[PDB]
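Structural features, examined
For reference, the chains in residue letters:
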Amino acid sequence: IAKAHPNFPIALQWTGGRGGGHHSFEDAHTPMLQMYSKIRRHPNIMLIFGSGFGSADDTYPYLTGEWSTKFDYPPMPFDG
Amino acid sequence: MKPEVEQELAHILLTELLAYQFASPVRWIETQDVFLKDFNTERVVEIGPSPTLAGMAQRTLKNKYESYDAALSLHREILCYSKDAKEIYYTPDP
Amino acid sequence: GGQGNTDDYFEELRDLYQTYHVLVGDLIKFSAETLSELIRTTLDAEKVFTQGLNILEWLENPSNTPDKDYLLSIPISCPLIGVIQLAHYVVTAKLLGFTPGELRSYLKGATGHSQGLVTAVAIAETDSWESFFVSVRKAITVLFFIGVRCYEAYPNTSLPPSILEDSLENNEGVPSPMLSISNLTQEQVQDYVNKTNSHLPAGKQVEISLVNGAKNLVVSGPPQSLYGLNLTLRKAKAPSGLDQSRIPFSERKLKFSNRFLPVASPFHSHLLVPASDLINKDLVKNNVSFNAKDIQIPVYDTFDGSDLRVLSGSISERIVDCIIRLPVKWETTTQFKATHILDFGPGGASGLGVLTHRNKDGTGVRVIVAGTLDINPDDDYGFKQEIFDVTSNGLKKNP
Amino acid sequence: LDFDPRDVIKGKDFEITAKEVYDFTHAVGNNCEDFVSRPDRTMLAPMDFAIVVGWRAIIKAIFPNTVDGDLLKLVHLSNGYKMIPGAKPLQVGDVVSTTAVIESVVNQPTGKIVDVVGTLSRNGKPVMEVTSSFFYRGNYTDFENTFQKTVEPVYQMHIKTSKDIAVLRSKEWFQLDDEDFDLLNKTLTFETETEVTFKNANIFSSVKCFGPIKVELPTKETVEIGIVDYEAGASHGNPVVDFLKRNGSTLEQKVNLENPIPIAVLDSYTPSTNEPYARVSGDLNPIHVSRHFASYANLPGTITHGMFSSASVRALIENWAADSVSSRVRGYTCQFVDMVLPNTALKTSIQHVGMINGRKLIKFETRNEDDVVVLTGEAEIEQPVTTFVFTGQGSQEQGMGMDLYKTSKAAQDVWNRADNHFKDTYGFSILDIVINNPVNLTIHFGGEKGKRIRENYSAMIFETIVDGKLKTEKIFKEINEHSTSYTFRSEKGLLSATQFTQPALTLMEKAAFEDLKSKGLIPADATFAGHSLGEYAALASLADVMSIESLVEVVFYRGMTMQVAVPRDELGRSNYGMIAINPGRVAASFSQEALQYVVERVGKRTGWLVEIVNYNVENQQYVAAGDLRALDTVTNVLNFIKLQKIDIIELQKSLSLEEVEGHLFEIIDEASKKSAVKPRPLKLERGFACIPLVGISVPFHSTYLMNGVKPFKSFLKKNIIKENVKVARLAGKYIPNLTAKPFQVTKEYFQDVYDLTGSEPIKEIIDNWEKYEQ
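Residues numbered from 1 in each chain as written, not as in the entry; some residues may be left out. Chains lettered and ligands numbered in written order. Part of a larger assembly, values for the part shown. Heavy atoms only, no water.

Under the PDB entry, chain B has the name Fatty acid synthase subunit alpha and belongs to Saccharomyces cerevisiae. As recorded in the PDB, this entry has the title "Electron cryomicroscopy Structure of S. cerevisiae FAS in the KS-stalled state".

Chain A carries the name Fatty acid synthase subunit beta in the PDB entry, which gives Saccharomyces cerevisiae as its organism.

Here it is as structure tokens:
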């Protein structure tokens, strides 16, 4: 989609299975643990991450990028 | 050794081996192992009316000799005479 | 890049004698001449090159080239991969008008894979253009004695075809002395080879050779036993298009591809250990011996990860041990902070640079392929031209 | 050149060095990855290395002066090997001794052929034989030193009439040890080896013919009787084969497969030059290296070595036919047709056409670039390591083998020799049993044949152990010297009563196995075993322990002895049976000792009889037998405990060992009378992990039958003859079921069988073991 439309902001609300309501089977991290690079190669993607967030401390490591450190990965910060 | 006294002794031994085989139980465990573990048979051929021993060998193969026959990577081939005649007669069809 | 990145490495010399003929013609002539001289002066390697190793005539008419059954073997390839790595090095030092020492003065450090590390430590001693050929000799003889002193330590024997045909429909190639496993951690492959080493004796045990990526590994061993662990992996198979998308994550079975690397000998295993002293004596038999005061740029260990300036005894000793006995921990040897990785190893678009890129992806490092001139659509890495661009189009920084 | 073309040629001892075959393998282009090892250890050699170690002795036979030849136009015609059966392939530490004897020097019009048969040995033992065929082309009329010698195809002579045994001893070259030998219905084979000395192209000067005459025993094991002894000057043929041509058949061990199955079509490359091979093989023949010689012999040029071309094609086969294991090639032979020039590509065909002695007969044929044949030969290539397991009782059905009995001449020759024997000794034929299982079988006792058969029925005795007393009591209580009939009873049919199934099953297996022997499908080193009934059908099939007539005897007697020791009802059904237990379904943690904890308490508590009789596959298949009143209790207790998943195994872990004693005593004496509500006609049903066994109503392989084992042993001593048992086909290849270790004649093996059976014949042997010494 983004490759079809360069200058049109499209936000990826990547949630994970561990959320409420309707439900996916995937784990939260591993898909974004290996798609993040394929995304940031498009500046018109707002990367948003949900599924299980309750406080600042809960999601702060995802904000800075430190979450991928404990998964042996470059720090990958999210956009919201 | 002296072959003929050995014939004598072995005839005695076989005699009693078949004799008390009558009532003693069948240790098909240790046999099923030794001919499948020590000699590493590639073709077990069940000669019989129905494939009971072939089914008895596949389930001990998949169960206790799965890592083994992989680490060695054999084509451990199970055949009964009933159902596997072309593979034992070496007459497969094109 | 070391051995085993491409299938037909000799095709990368096609262009080199073809393209930069006026440029690398002298160097390839010198290399081939001293190399054939090595075959003559050595005791019994006249027998290990069954079809001879006169390479010059293999260049003009490809009909003079023996095929991969004789061309992919180690005692014939290991020098040729090194000369390819040296030729892609001379063409850029030349096209940038640099004496070897000049270009070397630019880098922060140089390291090699399985094989190329000798080429790196060789470059680290190069100062002028005339003082270059002594280093070329120093290098190429090391790889000539590694290939020979291994190919009799663990030669190739014909694999029983009962495996050659049973491996193709299993979507694999001819079993080669090394196998690559993806999407699998270093702990799990050890968990498995421990199950396979439990059965077989020491002379057929396998081990991990290259910790290539974090989820990309390579194990070595006899093609028989390697195909064996390939089998014992099939109990843990899952086809890649099975659509586990309707079963929870922890309930899924790990799918991952694997393939045999087009190699001819089990590098970084125990199977070659009996050759270490046999090459160490072969080197001191000749003049080849590298010293710390002779190199200026840091050169990193594939096993430790440290610089080869600091070493107890002869540096040339650990260099071979890193190619025969010790495994390579590639992320442990990439503990350097640099902005660009330009690779002169073999393989180009499939060589070492691409996997290094996939490892150091979100670290902001920018690999460029110093081997081939082509284009990449997304341009995650670079090519020949990006080495030579004078505009701002060359200095491209991946994020 | 005062060399004698008749004597044997003594070679010279050649200790293989480990670098000699490393150098050979490559110089041959033998890419077979099966022969190269590391130094400081011995190496293993190729079969063709025999020529390396045999050449200096093999060719000394074409040198003697009386065999005059033009060595230049000498042509190598064919080369064959024979790795003699029973020897291991050659290793490099082996100091191999070679010996070659010229066999025959035949003189055709187009030259003369010499065939040298060398025999190489180590440690005195012969290792392998090498045959070869040269050719001194030209004309020769030196018949006065010409002689041929051959081995004839073994001829069978199936004597049926009484007038042939006359024409036999009507002959002068047919003599035995005792001419009084009963020659009727016997089977005479003639393994003869004939010599001949020529005086013209056709008029012989001296013919010899000799070779033992053997007879099929009732075990079909051939034993010699006499010796063919023929000799005649100025013959014109050989009579002793003619009288065997039309009178008898040819016992051809080569059996062709039904349809040829191709293996591969490959390509090889003649070397650049013939120098590398010539240096290895020690064959410095200047026809392949020099050019001032091949041109001297009108040859296309510096041709290759033919022997190299043989070794390469053999290496072309071990990889593809033997899956790259060399020990499977036990013989190889090849013809040279025309010659090939170096640096050439060869289209080699590989095809499976025949069988021999249970090993594969692979023909091959190498085409040139213009696709002209140069090499034709075949290979004595082993099969994989094979095991034949023979089934047991419970698997019987209609027509079993009665299809094969319609097809395999070598099979119906078993059911015939069996029923005919039963027809005449018990008035009762199996071939009418299996093709339509009757419900009841009355035996009539007619006139003379009848009385003879009835006393034969009353002539069997069921002994029983009572305080050492070998108590002689009657098998057949209803029989007597006044009975005129006797009936057999079973509701479903007598293929459900072990009285008749045992002989039917052992027949069908033995009758199907010896058909395979007719097809050459049985290795010499094949292993064999049987599940609880197939032991006899295996022994007789593999080691030929007993004649088929005496085999069916004991197997029928076994059925009877098993039958009488259990009380059957009015119609002949029993209160006993057997059951199949799968510890996997009851509990994923159900151990082997879990069954011993669950069922031994049934036996000790209910006072009934149930025992795990067979250990088939652990945690997956254990079958028990015995009293059905307790067998259904062991059935129901598992179908209940699977519903509860109460692992006695963790009770040994969670609780103590003696608290669980009473803890499981509660469960067992609680479920025992709960299940004991059964009526009299106990019909068994499949539950969660119990699988009933149909037909089987006797609980064999139980201590319950321990009383009736000395009678059997005493009976066994009569039927099996020590002369018939051959230890060669038993050591290591027979795995008994009493002892689950391969049959080996050792003290500990005796001690192994003894301490588990407590029998005196082993204690009296181990205490008098010094019969080991003579």
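**Remarks on the nonpolar core**
The tendency in soluble globular proteins is for nonpolar side chains to be buried side by side. All names here are of chain D. The condition that has to hold: Among buried residues, the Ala, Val, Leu, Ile, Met, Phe, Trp, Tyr and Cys ones that are joined through side-chain atoms within 4.5 Å form a nonpolar core. The buried label goes to any residue with under 20% of its type's maximum accessible area, the exposed label to any with over 50%, and the partly exposed label to all in between, with areas taken from a 1.4 Å probe on protein chains only. We count a stretch as a helix when DSSP gives it H or I for four or more residues in a row; a strand needs E for two or more, and each element gets its number in order from the N terminus. By the convention used here, residues are in contact when the closest approach between their heavy atoms is within 4.5 Å.
One finds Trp415, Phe428, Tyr457 and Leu730 to be the most contacted residues of the largest nonpolar core, which totals 106 residues. Examining the composition of this core, we find that 10 residues originate from one element, helix α12 (residues 548–564), more than from any other. Here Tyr457 is in contact with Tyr426, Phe428, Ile443, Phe445, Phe476 and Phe488, once residues within four sequence places are set aside.

**A closer look at the side chain of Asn398 of chain C**
Residue and element names in this part refer to chain C. Position of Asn398 among the secondary structure elements: in the segment after α15 (384–388). For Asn398, a relative accessible area of 15% translates into the label buried. Apart from residues lying up to four places away in sequence, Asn398 is in contact with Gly364, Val365, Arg366, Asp379 and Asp380.

**Let's talk about the packing of aromatic side chains**
The line we're drawing: In summary, the pairing rule links any two rings of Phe, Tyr or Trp, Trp by its six-membered ring, whose centres are within 6.5 Å, and it sorts them by plane angle into stacked for under 30 degrees, edge-to-face for over 60 and tilted for everything else.
Applying the stated criterion across every chain yields a total of 52 aromatic pairs over all chains. Where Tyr300 of chain C meets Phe336 of chain C, the ring centres are 5.9 Å apart and the plane angle is 15 degrees; that geometry is what we call stacked. Residue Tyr300 of chain C is found in the loop between α12 (276–285) and α13 (315–324), and its partner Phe336 of chain C is found in the loop between β5 (328–329) and β6 (340–343); the two are separated by 36 residues along the sequence. The exposure class assigned to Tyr300 of chain C is buried, which follows from its relative accessible area of 17%. Ring geometry for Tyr486 of chain D and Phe488 of chain D: centres 5.0 Å apart, planes at 85 degrees, overall edge-to-face. When its relative accessible area of 17% is taken as the criterion, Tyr486 of chain D is described as buried.

**Some words on the pattern of salt bridges**
Side chains that differ in sign of charge can pair as their charged atoms come close. All names here are of chain D. Let me state the cut-off plainly: Note on definitions: salt bridges are taken to be side-chain nitrogens of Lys or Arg within 4 Å of carboxyl oxygens of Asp or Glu.
All chains considered together, the criterion is met by 38 salt bridges over all chains. Across the pair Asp142 and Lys112 runs a salt bridge, and its minimum N-O distance is 3.3 Å. Here the residue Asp142 occupies a position in the loop between β6 (125–137) and β7 (147–151), and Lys112 occupies one in strand β5 (residues 111–122), the gap between them amounting to 30 residues. When sorted by exposure, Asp142 lands in the same class as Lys112, which is buried. With its nearest N and O atoms 3.3 Å apart, the salt bridge here joins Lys733 to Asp525. A residue pair is termed long-range when its members are at least 10 positions apart, and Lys733 in the loop between α18 (710–719) and α19 (747–757) and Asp525 in the loop between α10 (498–518) and β27 (527–530) qualify at 208 residues. Its relative accessible area of 62% is what places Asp525 among the exposed residues.

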